[PDB]
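Engineer: Supplied structure: query27.pdb, PDB, C-alpha atoms.
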MODEL        1
ATOM      1  CA  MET I   1       8.371   4.147  15.798  1.00  0.00           C
ATOM      2  CA  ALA I   2      10.773   7.088  15.574  1.00  0.00           C
ATOM      3  CA  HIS I   3      13.777   7.675  13.315  1.00  0.00           C
ATOM      4  CA  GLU I   4      15.702  10.727  12.109  1.00  0.00           C
ATOM      5  CA  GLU I   5      14.721  11.416   8.498  1.00  0.00           C
ATOM      6  CA  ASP I   6      13.838  14.162   6.020  1.00  0.00           C
ATOM      7  CA  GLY I   7      10.537  16.026   6.124  1.00  0.00           C
ATOM      8  CA  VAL I   8       8.508  16.292   9.321  1.00  0.00           C
ATOM      9  CA  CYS I   9       7.660  12.755  10.432  1.00  0.00           C
ATOM     10  CA  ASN I  10       8.838  10.388  13.167  1.00  0.00           C
ATOM     11  CA  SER I  11      11.770  12.792  13.486  1.00  0.00           C
ATOM     12  CA  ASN I  12      12.745  12.496  17.151  1.00  0.00           C
ATOM     13  CA  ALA I  13       9.419  12.490  18.994  1.00  0.00           C
ATOM     14  CA  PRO I  14       6.352  12.770  16.723  1.00  0.00           C
ATOM     15  CA  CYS I  15       6.490   9.090  15.768  1.00  0.00           C
ATOM     16  CA  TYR I  16       4.257   9.114  12.690  1.00  0.00           C
ATOM     17  CA  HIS I  17       4.852   6.822   9.713  1.00  0.00           C
ATOM     18  CA  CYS I  18       3.128   6.918   6.324  1.00  0.00           C
ATOM     19  CA  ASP I  19       1.694   3.891   4.522  1.00  0.00           C
ATOM     20  CA  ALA I  20       3.344   3.768   1.097  1.00  0.00           C
ATOM     21  CA  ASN I  21       4.720   7.289   1.516  1.00  0.00           C
ATOM     22  CA  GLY I  22       6.491   6.401   4.750  1.00  0.00           C
ATOM     23  CA  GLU I  23       7.895   3.130   3.430  1.00  0.00           C
ATOM     24  CA  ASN I  24       8.936   5.054   0.318  1.00  0.00           C
ATOM     25  CA  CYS I  25      10.497   8.002   2.147  1.00  0.00           C
ATOM     26  CA  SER I  26      11.390   6.592   5.565  1.00  0.00           C
ATOM     27  CA  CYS I  27      10.794   3.013   6.706  1.00  0.00           C
ATOM     28  CA  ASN I  28      11.122   2.972  10.495  1.00  0.00           C
ATOM     29  CA  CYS I  29       7.612   3.304  11.925  1.00  0.00           C
ATOM     30  CA  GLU I  30       3.906   2.622  11.407  1.00  0.00           C
ATOM     31  CA  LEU I  31       1.162   5.190  11.997  1.00  0.00           C
ATOM     32  CA  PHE I  32      -1.313   7.564  10.352  1.00  0.00           C
ATOM     33  CA  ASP I  33       0.594  10.484   8.834  1.00  0.00           C
ATOM     34  CA  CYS I  34      -0.809  13.268   6.653  1.00  0.00           C
ATOM     35  CA  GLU I  35      -0.250  17.027   6.491  1.00  0.00           C
ATOM     36  CA  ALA I  36       0.660  19.780   4.029  1.00  0.00           C
ATOM     37  CA  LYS I  37       4.262  20.998   3.954  1.00  0.00           C
ATOM     38  CA  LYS I  38       5.896  23.184   1.304  1.00  0.00           C
ATOM     39  CA  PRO I  39       7.888  26.376   2.006  1.00  0.00           C
ATOM     40  CA  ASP I  40       9.037  27.252  -1.512  1.00  0.00           C
ATOM     41  CA  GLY I  41      11.177  24.423  -2.853  1.00  0.00           C
ATOM     42  CA  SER I  42       9.463  21.062  -2.432  1.00  0.00           C
ATOM     43  CA  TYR I  43       6.075  19.540  -1.614  1.00  0.00           C
ATOM     44  CA  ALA I  44       5.022  17.287   1.263  1.00  0.00           C
ATOM     45  CA  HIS I  45       1.274  16.784   1.674  1.00  0.00           C
ATOM     46  CA  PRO I  46       0.941  12.982   1.380  1.00  0.00           C
ATOM     47  CA  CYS I  47      -1.363  10.717   3.388  1.00  0.00           C
ATOM     48  CA  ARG I  48      -1.814   7.134   4.581  1.00  0.00           C
ATOM     49  CA  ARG I  49      -3.811   6.894   1.353  1.00  0.00           C
ATOM     50  CA  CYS I  50      -4.003   9.918  -0.949  1.00  0.00           C
ATOM     51  CA  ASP I  51      -2.484  11.613  -3.996  1.00  0.00           C
ATOM     52  CA  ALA I  52       0.242  14.018  -2.878  1.00  0.00           C
ATOM     53  CA  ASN I  53       4.012  14.502  -3.018  1.00  0.00           C
ATOM     54  CA  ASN I  54       6.723  14.204  -0.366  1.00  0.00           C
ATOM     55  CA  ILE I  55       9.826  16.372   0.003  1.00  0.00           C
ATOM     56  CA  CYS I  56      12.792  14.159  -0.876  1.00  0.00           C
ATOM     57  CA  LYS I  57      15.933  16.226  -1.455  1.00  0.00           C
ATOM     58  CA  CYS I  58      14.681  18.158  -4.483  1.00  0.00           C
ATOM     59  CA  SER I  59      12.688  15.007  -5.237  1.00  0.00           C
ATOM     60  CA  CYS I  60       8.912  14.866  -4.806  1.00  0.00           C
ATOM     61  CA  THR I  61       7.426  11.422  -4.178  1.00  0.00           C
ATOM     62  CA  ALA I  62       4.302  10.073  -5.875  1.00  0.00           C
ATOM     63  CA  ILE I  63       1.540   8.848  -3.565  1.00  0.00           C
ATOM     64  CA  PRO I  64      -1.754   7.055  -4.328  1.00  0.00           C
ATOM     65  CA  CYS I  65      -5.041   8.925  -4.742  1.00  0.00           C
ATOM     66  CA  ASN I  66      -6.473  11.446  -2.279  1.00  0.00           C
ATOM     67  CA  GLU I  67      -9.940  11.271  -3.833  1.00  0.00           C
ATOM     68  CA  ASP I  68      -9.764  10.603  -7.574  1.00  0.00           C
ATOM     69  CA  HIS I  69      -6.214  10.022  -8.810  1.00  0.00           C
ATOM     70  CA  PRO I  70      -4.873   7.128 -10.929  1.00  0.00           C
ATOM     71  CA  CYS I  71      -2.209   5.754  -8.588  1.00  0.00           C
ATOM     72  CA  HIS I  72      -1.164   2.384  -7.167  1.00  0.00           C
ATOM     73  CA  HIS I  73      -0.605   3.204  -3.495  1.00  0.00           C
ATOM     74  CA  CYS I  74      -2.337   3.241  -0.107  1.00  0.00           C
ATOM     75  CA  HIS I  75      -5.898   3.176  -1.440  1.00  0.00           C
ATOM     76  CA  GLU I  76      -8.534   5.406   0.158  1.00  0.00           C
ATOM     77  CA  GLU I  77     -11.964   3.792   0.478  1.00  0.00           C
ATOM     78  CA  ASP I  78     -12.649   3.762  -3.263  1.00  0.00           C
ATOM     79  CA  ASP I  79      -9.301   4.969  -4.606  1.00  0.00           C
ATOM     80  CA  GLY I  80      -9.850   5.779  -8.269  1.00  0.00           C
ATOM     81  CA  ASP I  81     -12.446   7.395 -10.520  1.00  0.00           C
ATOM     82  CA  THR I  82     -15.521   6.173 -12.395  1.00  0.00           C
ATOM     83  CA  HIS I  83     -13.628   4.035 -14.906  1.00  0.00           C
ATOM     84  CA  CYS I  84     -11.453   2.716 -12.077  1.00  0.00           C
ATOM     85  CA  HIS I  85     -14.617   1.544 -10.317  1.00  0.00           C
ATOM     86  CA  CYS I  86     -15.737  -0.250 -13.480  1.00  0.00           C
ATOM     87  CA  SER I  87     -12.347  -1.927 -13.884  1.00  0.00           C
ATOM     88  CA  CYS I  88     -12.360  -3.027 -10.243  1.00  0.00           C
ATOM     89  CA  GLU I  89     -15.830  -4.579 -10.355  1.00  0.00           C
ATOM     90  CA  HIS I  90     -14.795  -6.656 -13.370  1.00  0.00           C
ATOM     91  CA  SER I  91     -11.192  -7.155 -12.253  1.00  0.00           C
ATOM     92  CA  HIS I  92     -12.136  -8.230  -8.728  1.00  0.00           C
ATOM     93  CA  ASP I  93     -14.712 -10.681 -10.080  1.00  0.00           C
ATOM     94  CA  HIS I  94     -12.047 -12.328 -12.239  1.00  0.00           C
ATOM     95  CA  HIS I  95      -9.216 -11.913  -9.731  1.00  0.00           C
ATOM     96  CA  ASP I  96     -11.103 -12.066  -6.432  1.00  0.00           C
ATOM     97  CA  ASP I  97      -7.870 -13.620  -5.166  1.00  0.00           C
ATOM     98  CA  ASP I  98      -6.524 -10.062  -5.181  1.00  0.00           C
ATOM     99  CA  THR I  99      -8.393  -8.818  -2.110  1.00  0.00           C
ATOM    100  CA  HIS I 100      -5.129  -7.428  -0.739  1.00  0.00           C
ATOM    101  CA  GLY I 101      -1.551  -6.455  -1.535  1.00  0.00           C
ATOM    102  CA  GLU I 102       0.103  -9.755  -2.423  1.00  0.00           C
ATOM    103  CA  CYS I 103       2.059 -11.394  -5.244  1.00  0.00           C
ATOM    104  CA  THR I 104       4.272 -14.461  -5.655  1.00  0.00           C
ATOM    105  CA  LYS I 105       3.198 -16.038  -8.945  1.00  0.00           C
ATOM    106  CA  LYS I 106       4.530 -15.864 -12.504  1.00  0.00           C
ATOM    107  CA  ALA I 107       2.430 -12.700 -12.711  1.00  0.00           C
ATOM    108  CA  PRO I 108       2.947  -9.088 -11.554  1.00  0.00           C
ATOM    109  CA  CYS I 109       2.083  -7.643  -8.144  1.00  0.00           C
ATOM    110  CA  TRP I 110      -1.554  -7.162  -7.137  1.00  0.00           C
ATOM    111  CA  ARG I 111      -3.366  -5.091  -4.512  1.00  0.00           C
ATOM    112  CA  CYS I 112      -6.844  -4.775  -3.002  1.00  0.00           C
ATOM    113  CA  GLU I 113      -8.750  -2.374  -5.254  1.00  0.00           C
ATOM    114  CA  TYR I 114     -12.542  -2.090  -5.265  1.00  0.00           C
ATOM    115  CA  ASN I 115     -15.513   0.012  -4.158  1.00  0.00           C
ATOM    116  CA  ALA I 116     -18.624  -1.466  -2.547  1.00  0.00           C
ATOM    117  CA  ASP I 117     -20.816  -1.439   0.561  1.00  0.00           C
ATOM    118  CA  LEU I 118     -19.745  -4.133   3.025  1.00  0.00           C
ATOM    119  CA  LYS I 119     -17.406  -5.067   5.876  1.00  0.00           C
ATOM    120  CA  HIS I 120     -13.827  -5.104   4.586  1.00  0.00           C
ATOM    121  CA  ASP I 121     -10.330  -3.799   5.319  1.00  0.00           C
ATOM    122  CA  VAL I 122      -7.670  -1.574   3.756  1.00  0.00           C
ATOM    123  CA  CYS I 123      -5.577  -2.839   0.843  1.00  0.00           C
ATOM    124  CA  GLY I 124      -1.956  -3.953   0.985  1.00  0.00           C
ATOM    125  CA  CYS I 125      -0.590  -0.612  -0.193  1.00  0.00           C
ATOM    126  CA  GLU I 126      -2.345   0.837   2.855  1.00  0.00           C
ATOM    127  CA  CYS I 127      -0.404  -1.421   5.223  1.00  0.00           C
ATOM    128  CA  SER I 128       2.565  -0.513   7.421  1.00  0.00           C
ATOM    129  CA  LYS I 129       6.095  -1.898   7.725  1.00  0.00           C
ATOM    130  CA  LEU I 130       4.733  -5.319   8.684  1.00  0.00           C
ATOM    131  CA  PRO I 131       7.057  -8.285   9.352  1.00  0.00           C
ATOM    132  CA  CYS I 132       5.830  -9.835   6.102  1.00  0.00           C
ATOM    133  CA  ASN I 133       5.650  -6.867   3.728  1.00  0.00           C
ATOM    134  CA  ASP I 134       8.130  -6.057   0.960  1.00  0.00           C
ATOM    135  CA  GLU I 135       7.222  -4.546  -2.411  1.00  0.00           C
ATOM    136  CA  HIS I 136       6.839  -6.099  -5.864  1.00  0.00           C
ATOM    137  CA  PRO I 137       6.138  -4.714  -9.362  1.00  0.00           C
ATOM    138  CA  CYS I 138       2.371  -4.207  -9.513  1.00  0.00           C
ATOM    139  CA  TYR I 139       0.439  -4.115 -12.787  1.00  0.00           C
ATOM    140  CA  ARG I 140      -2.304  -1.492 -13.032  1.00  0.00           C
ATOM    141  CA  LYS I 141      -2.657   1.825 -14.862  1.00  0.00           C
ATOM    142  CA  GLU I 142       1.137   2.030 -15.043  1.00  0.00           C
ATOM    143  CA  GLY I 143       4.019  -0.356 -14.427  1.00  0.00           C
ATOM    144  CA  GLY I 144       5.457   0.236 -10.977  1.00  0.00           C
ATOM    145  CA  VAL I 145       6.468  -1.217  -7.618  1.00  0.00           C
ATOM    146  CA  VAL I 146       4.258  -1.249  -4.523  1.00  0.00           C
ATOM    147  CA  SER I 147       4.467  -2.651  -0.995  1.00  0.00           C
ATOM    148  CA  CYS I 148       3.544  -6.333  -0.765  1.00  0.00           C
ATOM    149  CA  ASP I 149       2.138  -7.704   2.492  1.00  0.00           C
ATOM    150  CA  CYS I 150       1.170 -11.239   3.511  1.00  0.00           C
ATOM    151  CA  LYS I 151      -2.380 -12.383   2.762  1.00  0.00           C
ATOM    152  CA  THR I 152      -3.469 -13.704  -0.635  1.00  0.00           C
ATOM    153  CA  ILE I 153       0.103 -14.879  -1.201  1.00  0.00           C
ATOM    154  CA  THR I 154       0.632 -17.806  -3.570  1.00  0.00           C
ATOM    155  CA  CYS I 155       0.668 -21.438  -2.440  1.00  0.00           C
ATOM    156  CA  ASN I 156       3.986 -23.231  -1.944  1.00  0.00           C
ATOM    157  CA  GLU I 157       3.182 -26.514  -3.690  1.00  0.00           C
ATOM    158  CA  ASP I 158       3.435 -27.854  -7.241  1.00  0.00           C
ATOM    159  CA  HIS I 159       3.194 -24.231  -8.374  1.00  0.00           C
ATOM    160  CA  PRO I 160       2.601 -20.651  -7.154  1.00  0.00           C
ATOM    161  CA  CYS I 161      -1.113 -19.971  -6.693  1.00  0.00           C
ATOM    162  CA  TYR I 162      -2.831 -17.376  -4.507  1.00  0.00           C
ATOM    163  CA  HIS I 163      -4.231 -18.912  -1.321  1.00  0.00           C
ATOM    164  CA  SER I 164      -7.685 -17.321  -1.353  1.00  0.00           C
ATOM    165  CA  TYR I 165      -9.490 -13.975  -1.221  1.00  0.00           C
ATOM    166  CA  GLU I 166      -9.294 -11.714   1.831  1.00  0.00           C
ATOM    167  CA  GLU I 167      -8.303  -8.179   2.826  1.00  0.00           C
ATOM    168  CA  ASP I 168      -6.209  -8.332   5.998  1.00  0.00           C
ATOM    169  CA  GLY I 169      -2.716  -7.013   6.658  1.00  0.00           C
ATOM    170  CA  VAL I 170      -0.155  -9.538   7.877  1.00  0.00           C
ATOM    171  CA  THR I 171       0.295  -9.497  11.652  1.00  0.00           C
ATOM    172  CA  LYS I 172       2.758 -11.113  14.059  1.00  0.00           C
ATOM    173  CA  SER I 173       2.451 -12.453  17.606  1.00  0.00           C
ATOM    174  CA  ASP I 174       5.933 -11.906  19.035  1.00  0.00           C
ATOM    175  CA  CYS I 175       6.717  -8.189  19.212  1.00  0.00           C
ATOM    176  CA  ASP I 176       9.931  -9.235  20.957  1.00  0.00           C
ATOM    177  CA  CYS I 177      12.340  -8.428  18.128  1.00  0.00           C
ATOM    178  CA  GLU I 178      13.110  -5.951  15.346  1.00  0.00           C
ATOM    179  CA  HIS I 179      10.320  -6.763  12.892  1.00  0.00           C
ATOM    180  CA  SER I 180      11.618  -4.633  10.020  1.00  0.00           C
ATOM    181  CA  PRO I 181      12.897  -6.838   7.164  1.00  0.00           C
ATOM    182  CA  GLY I 182      13.809  -5.696   3.665  1.00  0.00           C
ATOM    183  CA  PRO I 183      12.181  -6.123   0.236  1.00  0.00           C
ATOM    184  CA  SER I 184      13.678  -7.823  -2.819  1.00  0.00           C
ATOM    185  CA  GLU I 185      12.878  -5.448  -5.679  1.00  0.00           C
TER     186      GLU I 185
ENDMDL
END
Produce structure tokens that represent the structure in this file.
Structural biologist:
Amino acid sequence: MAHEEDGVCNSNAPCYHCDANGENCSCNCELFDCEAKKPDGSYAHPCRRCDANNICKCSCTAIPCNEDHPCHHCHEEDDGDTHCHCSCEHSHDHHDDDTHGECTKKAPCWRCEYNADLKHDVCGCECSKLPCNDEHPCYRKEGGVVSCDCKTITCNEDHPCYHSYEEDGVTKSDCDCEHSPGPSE
């Protein structure tokens, strides 16, 4: 979509949103945005899944990892470094139910983080302003809040428990209304 906001994105024509960056700077669109921008005051070279900084009124934003940066945002293929890969192989095996950005249990927020050769999809932090995506406090290499989409959400029964394991961003089948709700945290 398009909406008047800071920086150069989805201003009034070039409708281009940014995964976590967009939802963190301007939530009013959904597309692949990424480009350097810094005159001599701020920095804006984020990406739908990288480690950069946006230009927010004398306030630079913190994105995920562009190649090898310890961040909890729009992952990029194998977001993270060596250690990260070792923590994902052991963390995913014990929390396979975290194959996406979801969270609704007595625990913190989780997101799809892993590196392997197979057919999969982007993590939750790499999702757009979906109709079922908010943002809860994730627990990784640093306490913080990240976008939370619908997928491995907990079960609404005798207790909150992730449904299963899968990496797929929540999608609707109406597109006949303003699908742009608000988070809780």
Engineer: What separation in Å, quoted to one decimal, exists between CA of residue 9 in chain I and CA of residue 110 in chain I?
Structural biologist: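 Spanning CA of residue 9 in chain I to CA of residue 110 in chain I is a straight-line distance of 28.1 Å.
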Engineer: Which is closest to residue 69 in chain I among I:105, I:180, I:155, I:141, if we use all atoms listed in the file?
Structural biologist: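 Comparing I:105, I:180, I:155, I:141 against residue 69 in chain I, the winner is I:141.
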Engineer: Here's the selection I'm unsure about, the PyMOL selection byres ((chain I and resi 13-20) around 7); applied to the file above, which residues does it give, as a PyMOL selection string?
Structural biologist: chain I and resi 1-2+9-12+21-24+29-33+47-48+73-74+125-128+147
Engineer: On this structure, the PyMOL selection byres ((chain I and resi 151) around 8) would catch which residues? List them as a list in words, sorted by chain and number.
Structural biologist: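 Against this file, the PyMOL selection byres ((chain I and resi 151) around 8) returns the residues residues 100, 101, 102, 149, 150, 152, 153, 163, 166, 167, 168, 169 and 170 of chain I.
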Engineer: Take CA of residue 109 in chain I and CA of residue 136 in chain I and report the distance between them in Å, one decimal.
Structural biologist: 5.5 Å
Engineer: Given the file above and the PyMOL selection byres ((chain I and resi 106) around 12), which residues are selected, and can you give them as an MDAnalysis selection string?
Structural biologist: chainID I and resid 103:105 107:110 137 154 159:162
Engineer: Take CA of residue 135 in chain I and CA of residue 182 in chain I and report the distance between them in Å, one decimal.
Structural biologist: 9.0 Å
Engineer: For residue 95 in chain I, which residue out of I:113, I:81, I:67, I:51 is the nearest one, using only C-alpha atoms?
Structural biologist: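 Of all the options, I:113 lies closest to residue 95 in chain I.
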Engineer: Find the residues near residue 131 in chain I: any atom within 7 Å, counting all atoms listed in the file, skip ones fewer than 4 places away on the same chain, and give them as a list in words.
Structural biologist: residues 172, 179, 180 and 181 of chain I
Engineer: Would you mind exporting the chosen residues as an mmCIF file, in the coordinates of the input, restricted to C-alpha atoms?
Structural biologist:
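Output (selection_17.cif):
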data_model
loop_
_atom_site.group_PDB
_atom_site.id
_atom_site.type_symbol
_atom_site.label_atom_id
_atom_site.label_comp_id
_atom_site.auth_asym_id
_atom_site.auth_seq_id
_atom_site.Cartn_x
_atom_site.Cartn_y
_atom_site.Cartn_z
ATOM 1 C CA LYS I 172 2.758 -11.113 14.059
ATOM 2 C CA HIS I 179 10.320 -6.763 12.892
ATOM 3 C CA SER I 180 11.618 -4.633 10.020
ATOM 4 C CA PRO I 181 12.897 -6.838 7.164
#
Engineer: Counting all atoms listed in the file, which of I:174, I:77, I:40, I:5 gets nearest to residue 118 in chain I?
Structural biologist: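 So, comparing all the options, the nearest one is I:77.
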